[PDB]
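Structural overview
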Amino acid sequence: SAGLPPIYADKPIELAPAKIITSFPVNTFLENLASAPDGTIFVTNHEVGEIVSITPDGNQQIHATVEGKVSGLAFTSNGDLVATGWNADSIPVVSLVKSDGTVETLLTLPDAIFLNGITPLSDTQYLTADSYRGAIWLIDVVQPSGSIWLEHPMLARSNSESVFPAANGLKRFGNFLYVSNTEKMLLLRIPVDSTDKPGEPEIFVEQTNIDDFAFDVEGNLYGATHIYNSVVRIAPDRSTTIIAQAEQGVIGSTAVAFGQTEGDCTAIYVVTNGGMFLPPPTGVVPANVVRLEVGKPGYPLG
């Protein structure tokens, strides 16, 4: 579509083996996903507040339903899920979704605006990106408790009145936390010290549009580009390859997660919204979970 800066115009395309695992109706906003050690993929169907489980054959069942909207997902050590979203009043909430489908609200956070990606920091602690405040929150799920882990302009929108999300997805790799700032079109990295506190954020890659992403064990970052309708692989040397495009089912790609099992240890799963925000010329499509074979195992999230 013609508005878009041609940021990936000269990147090589190396198309991964792709397969659509399941599809949702047009206008389904799948925001994120997390894989279970048994093979089950949970996704967030944002607008309806549903956490949906997907079997390998592609069958869907509504695992849980939150009040309001639901975005980020991470597994806890007990096999429950921590979720970010909004309550009925559009206030950020962190929820715990138990394996029996029951929901408890851990925290309501009116000093936050939009909690997006969430990822484990330790056994009981998780970091979540606030896409409009310019901060990462530290969430303890056992107490529970919330605080500001880092507030910094690199996590913020360039324009204080822009509606595009800034700090968005976040993942640990090595002694760093990598964070997408979609609105500035940046990937940054933040040192994590021995006491799990942040150092000085550093720009990692510029002119890249990444929603959420995931790492392999070699430190390749696999990122969903959303309005660019692609999945890119960014190597530790900062070089970028396009590994899936519209035809592979990734129009409006939003997030990425590796499988954990013998059968899919080397595959990523990608959720999409079928292009609802900025449709391609051919129009919107049903929202997908797409499996891409990448030939390298996933970094453990914990």
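A brief report on the enclosed structure follows. (Residues numbered from 1 in each chain as written, not as in the entry; some residues may be left out. Heavy atoms only, no water. Residues with missing side-chain atoms left out of burial classes, pairs and counts.)

Section: the nonpolar core
Grouped together as the largest cluster of nonpolar side chains are 17 residues, with contacts concentrated most on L127, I136, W149, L155, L177, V179 and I190. The element that contributes the greatest number of residues to this core is strand β16 (residues 186-191), accounting for three residues. Apart from residues no more than four positions distant in its own chain, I136 is found in contact with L127, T128, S147, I148, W149, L150, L155, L170, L177, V179 and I190. (Core = buried A, V, L, I, M, F, W, Y, C linked by side-chain atoms within 4.5 Å. Buried < 20%, exposed > 50% of the residue type's maximum accessible area, 1.4 Å probe, protein only. Helix = DSSP H or I, 4+ residues; strand = E, 2+ residues; numbered from the N terminus. Contact = heavy atoms within 4.5 Å.)

Considering the packing of aromatic side chains
Evaluated as defined, the whole model comprises twelve aromatic pairs. Taking 4.8 Å as the distance between ring centres and 50 degrees as the angle between the ring planes, the aromatic pair formed by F173 and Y299 counts as tilted. Of this pair, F173 sits in strand β14 (residues 167-173) while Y299 sits in the segment after β24 (287-293); the two residues are 126 residues apart in sequence, bridging distant segments of the chain. Since its relative accessible area comes to 25%, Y299 is described here as partly exposed. Seen from their ring centres, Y178 and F204 are 5.3 Å apart, and the 85 degrees between their planes marks the pair as edge-to-face. With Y178 in strand β15 (residues 176-181) and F204 in strand β17 (residues 202-206), this residue pair connects regions lying 26 residues apart in the sequence. Residue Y178 is classed as buried on the basis of its relative accessible area of 6%. When its relative accessible area of 8% is taken as the criterion, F204 is described as buried. Pairwise contacts between aromatic rings join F173, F176, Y178, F204, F213, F215 and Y299 into one cluster. Over the ring of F176 we find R189; its NZ or CZ atom is 4.4 Å from the centre of that ring. (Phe/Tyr/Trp six-rings, centres within 6.5 Å; stacked < 30°, edge-to-face > 60°. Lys NZ or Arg CZ within 6 Å of the ring centre and 35° of its normal.)

Some thoughts on the environment of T108
With respect to the helices, strands and loops of the structure, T108 is situated in strand β9 (residues 103-108). Spatially, the C-alpha atoms of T108 and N87 are 8.2 Å apart, while their sequence positions differ by 21 residues. Those residues within four positions of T108 in sequence are excluded, and the remaining contacts are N87, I91, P92 and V93.

Remarks on the sheet that holds strand β7 (residues 81-86)
Within a sheet, each strand pairs with its neighbour through backbone hydrogen bonds, oriented either parallel or antiparallel. If you walk across this open sheet you meet the four strands as β6-β7-β8-β9, and the pairing is antiparallel. Only two strands of the sheet have a single partner each, and these edge strands are β6 (69-75) and β9. Put simply, the sheet's adjacent strands are angled 25 degrees from each other on average, direction ignored. As defined by bridge partners, β6 adjoins β7 across five bridges and the pair is classed as antiparallel. Residue pairing across strands places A74 opposite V82, the latter belonging to β7. (Pairing = 2+ DSSP bridges. Axes fitted to C-alpha atoms, helices over the stretch in contact; angles between N-to-C directions.)

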